[PDB]
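> model this:
(9 chains)
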Amino acid sequence: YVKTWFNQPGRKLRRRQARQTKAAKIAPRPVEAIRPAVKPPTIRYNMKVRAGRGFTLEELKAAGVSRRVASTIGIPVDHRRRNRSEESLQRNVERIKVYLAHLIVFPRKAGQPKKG
Amino acid sequence: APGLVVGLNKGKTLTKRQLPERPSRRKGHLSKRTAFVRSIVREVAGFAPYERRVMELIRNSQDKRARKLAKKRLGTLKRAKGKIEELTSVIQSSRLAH
Amino acid sequence: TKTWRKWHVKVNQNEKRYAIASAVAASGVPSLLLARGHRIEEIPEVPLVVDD
Amino acid sequence: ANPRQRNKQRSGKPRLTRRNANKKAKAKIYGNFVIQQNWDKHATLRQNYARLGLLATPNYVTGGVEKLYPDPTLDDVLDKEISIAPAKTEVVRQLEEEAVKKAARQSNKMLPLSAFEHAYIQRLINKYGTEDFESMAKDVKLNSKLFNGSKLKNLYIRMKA
Amino acid sequence: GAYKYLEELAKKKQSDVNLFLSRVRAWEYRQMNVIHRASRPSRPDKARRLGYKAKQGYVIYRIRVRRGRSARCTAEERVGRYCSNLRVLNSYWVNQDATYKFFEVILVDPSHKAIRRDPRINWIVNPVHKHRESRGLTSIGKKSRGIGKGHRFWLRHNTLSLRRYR
RNA sequence: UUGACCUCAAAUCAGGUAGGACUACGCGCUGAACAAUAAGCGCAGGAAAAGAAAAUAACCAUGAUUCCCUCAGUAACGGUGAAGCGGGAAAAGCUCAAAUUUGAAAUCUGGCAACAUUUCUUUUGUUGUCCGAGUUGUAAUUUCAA
RNA sequence: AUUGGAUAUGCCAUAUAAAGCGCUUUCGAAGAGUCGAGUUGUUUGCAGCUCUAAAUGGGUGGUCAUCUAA
RNA sequence: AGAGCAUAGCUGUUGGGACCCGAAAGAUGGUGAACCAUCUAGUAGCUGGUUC
RNA sequence: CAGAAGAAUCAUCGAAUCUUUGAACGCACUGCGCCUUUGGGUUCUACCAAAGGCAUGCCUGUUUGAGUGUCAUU
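Numbering: from 1, shown residues only, chains lettered A, B, ... in the order given. The protein structure is shown below:
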């Protein structure tokens, strides 16, 4: 079998139309969730900083965001990752704190019974 | 502004953090109730034919043959050593009671 | 005939920028415009720039 | 060529033609009305987010960005408090203005007491005063529901207002 | 609870109590059909942890297979064919002897309203779960085809991928 | 004895459901010749499968799955031939078993009677009542990240 | 004409309720004819057969790290 | 006191059906020793041919 | 060709209809039936015709009856 790439420009267009389709549904919030900053796990790459999967629970507790609130305002949680050093904790705590500064959370209507 | 700069570096300074113990790492720890349940069941269920034979050899002080039979049945040494210790205490508790 | 014949061909991006630069330069020569079949014999000037 | 496709070629029946091919047209915006009004339909979502002053991605972009015109320490990270951010556009100000005003409208968080709740807390207060909540919770006769001091404190607070 | 005692008693399978019950019930099961309905599971601890609830729409079936492919996989498939209107949830080992291995298969009725209104077993109603045991989607079926995570467990290497610009 | 329970059957009893076809892609089982090969058999969907670590690593550590690029025609093996990292597309997490609701099976199907509702007089529910299921365990609560 | 997610607003709301966070002189259950051992076949995985477990235990890695299967 | 890297073309070479036509098949599955379908474009050092 | 004057050998299409078979289902595979209901008819108890039905496995329930069952049972 020989795989051909004639749909390469048609996949590019289809993926872009999905981003536009996604943005139409969720109008003002970002098309991606904020990702942490981590360091790759080798002696070849540990100097580089890249994006992680989600923020650790210890990073969210320091930033002031609970693990149940976090998912609702676009902050992924990684229950697996941990902070073995204070630099990873502070690098990503500041990342969450900056995110909260630039964030507008629209209020939600709440059911409110008469008494009690 | 929210933005991640990928590549280069962020800082070579290091400060090791002490991490707590995760709940999954607690697995295998014996419970006060599980130890009670097993003691009740072990007496109620009885003993396997190979455990009866192994118990006979320990009663006759033929521990060399007992350990060999347990390993031949169970498969490894540390499984045989654990079974012999478990059955030896059963004999000791039986002797104290009877 | 097979569909996986090489249909597209790569060019270094710097050669492509060279060719487009050389083709823009050629469009400022009235003689090259005439020799390519353009009826520019009454055009006031080359390059021909108009108001915004 | 297929027997099924040849069958409808040999028939007199028309095809179930559906004219849906519309490329280069982008999805129309719903959800937020403020974004919909200020959203142009020709520009991309990156161009519209930037024009409206929002961020499409809180991370890096995995490619180039268009250039249309030539350009002319844990204490201070944990105890710090970032001073929010200014609104670069009138749309972002419009979004921010709506959020604060609506939150102010929906701010009545304190709750009143029902007939049972009021009579419950009132009877406890008449015997143990208003400051001793620990002995209030330990009275089995009047505190039948066995509410602790913190629940009884919140009952009294809601009764005050 | 009593499922702690039941599940620790199920580890001593050749003890006096378990051996007598293994041989008594193995004779009883041989007098019955090859595949017969079970009024209640013979291992209420093991069925309970495999997804069984004592409610309408949950069915337990016993089946004996000859010893000497996976024995548990064939029990799931044979019972699934016998009860074609049910979905095979899971299965387990109940008994064995010198000739037969006895298994109990948990099936779920995708048409009963007590199943279709229960969000925790609502997933089995979808058509993508038609004959899960037939496509190796059960617990033993997944294990049979070496599905798992780790180094302990084709088409994308026998093909030439020719790009547009190459 | 009456009578409960467990069985074992019966009914042209009520309500359901399975078969066959397609099979490009998909998931199982089976299998020669010149290789999970064609065939043969079994089973799905609009995708399927996989999937929230009994996973990598040995680092300043990573973090479900899937696909693409790279690693790499490399290690290893005996010409076959990966994977970790790395770069992208997409991102979403969760549910049970194992706890005494024990100051109250708090749970559920069905019959019947009303009241609604509809892609729809064709659909889908609500409320009430009775019966059944269920204590050999149905709800709430908990899933190790706790 | 049929619909979807929002907005605004009227009515109803079984809240004596239900949650997140915080703190501890109190507790914290974790899946077995499986894991594993021997051996025989299919293509390490899987399968049969004989045997058959444990509780800081068990798995996979380099005393340590990581994971938490059935 | 580094000359490489990329693309295009030419030529040679090694794989794929591999210049074309050529050698009994064998295997799988069917139909009534035979017949049929596919694997198959199976295997060729050899035969014939190979265009201004 | 012919044919109708909301015509059309039209389009759309939400309502009706859709012969015998075929997974094909009363048994068979031409025929032979079973039960029930309805009706005929100048031949009325019946007969006849037609209609309604009548496959199997399995799930939930309903009803009924057996048991060599467990008891209950002064």
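> in chain D, which spans are helices?
In chain D, the helices defined using DSSP state H lie at D:3-10, D:33-38, D:45-51, D:75-78, D:90-105, D:115-128, D:134-137, D:149-160.
> repeat for chain B
Taking DSSP H to define them, one finds helices in chain B at B:32-45, B:49-59, B:63-74, B:77-97.
> before we move on, the earlier item: nearest to residue E:28, of the helices of chain D?
Go through these one by one with C-beta to C-beta and the one that ends up closest to residue E:28 is helix D:3-10, at 56.4 Å. In this view, the C-beta of every residue, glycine as well, is placed from N, C-alpha and C.
> what about the closest one, near RNA strand F?
No - with C-beta under 7 Å from any atom of the strand as the measure, helix D:3-10 is seen stopping short of RNA strand F, the closest distance being 8.8 Å.
> please report how far residue D:47 lies from residue D:2.
Applying C-beta to C-beta, to the nearest Å, one obtains 45 Å for the distance of residue D:47 from residue D:2.
> swap that for residue E:50, sorry
When C-beta to C-beta is the yardstick, residue E:50 and residue D:2 sit 47 Å from each other.
> the two: which is more packed in?
Counted by other C-beta atoms under 10 Å in any protein chain shown, residue E:50 and residue D:2 do not tie: residue E:50 has more neighbours, with 16 against 8.
> picking that back up, please render the helices of chain B as TSV that adds mean neighbour count to the earlier fields.
Putting those into TSV (neighbours: other C-beta atoms under 10 Å in any protein chain shown) gives the following:
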stretch	mean neighbour count
helix B:32-45	14
helix B:49-59	17
helix B:63-74	16
helix B:77-97	13
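> to residue A:52, which of the ones you listed lies closest?
The closest of the helices of chain B to residue A:52 is helix B:32-45. By C-beta to C-beta, the value is 38.1 Å.
> packing partners for the closest one?
Packed against helix B:32-45, as judged by 3 or more C-beta pairs under 8 Å, 6 or more residues apart in numbering or on different chains; DSSP states H and E, are the following elements: helix E:3-9, helix E:16-31.
> burial count for residue D:57?
18.
> and the one 10 residues further on, by the same measure?
Burial of residue D:67 is recorded as 7 neighbouring residues (other C-beta under 10 Å).
> distance of it from RNA strand H?
According to C-beta to the nearest atom of the strand, to the nearest Å, residue D:67 stands 24 Å off from RNA strand H.
> residues touching that residue, list them.
Contact criterion C-beta atoms under 8 Å, 6 or more residues apart in numbering or on different chains gives no residues in contact with residue D:67.
> can you name the residue of chain C nearest chain D?
When scored by C-beta to the nearest C-beta, chain C has residue C:13 as its residue closest to chain D, at 12.6 Å.
> so what's the single nearest residue of chain C relative to RNA strand H up against?
Nearest residue of chain C to RNA strand H, counting by C-beta to the nearest atom of the strand: residue C:10, 4.1 Å away. Contacts here follow C-beta under 8 Å, 6+ apart; on that basis residue C:10 touches E:165, E:166.
> show me where chain C has its helices.
Defined through DSSP H, the helices belonging to chain C, from first to last, are C:13-26, C:30-35.
> equivalent analysis for chain A, please.
All helices of chain A, identified by DSSP H, fall at A:8-25, A:57-63, A:67-70, A:86-101.
> show me what the first one packs onto, helices and strands only.
In terms of contacts (3+ C-beta pairs under 8 Å, 6+ apart), helix A:8-25 is packed against helix D:45-51.
> any part of the helix it packs on near chain B?
No - using C-beta under 8 Å from any C-beta of the partner chain, no contact is recorded between helix D:45-51 and chain B, whose separation bottoms out at 12.0 Å.
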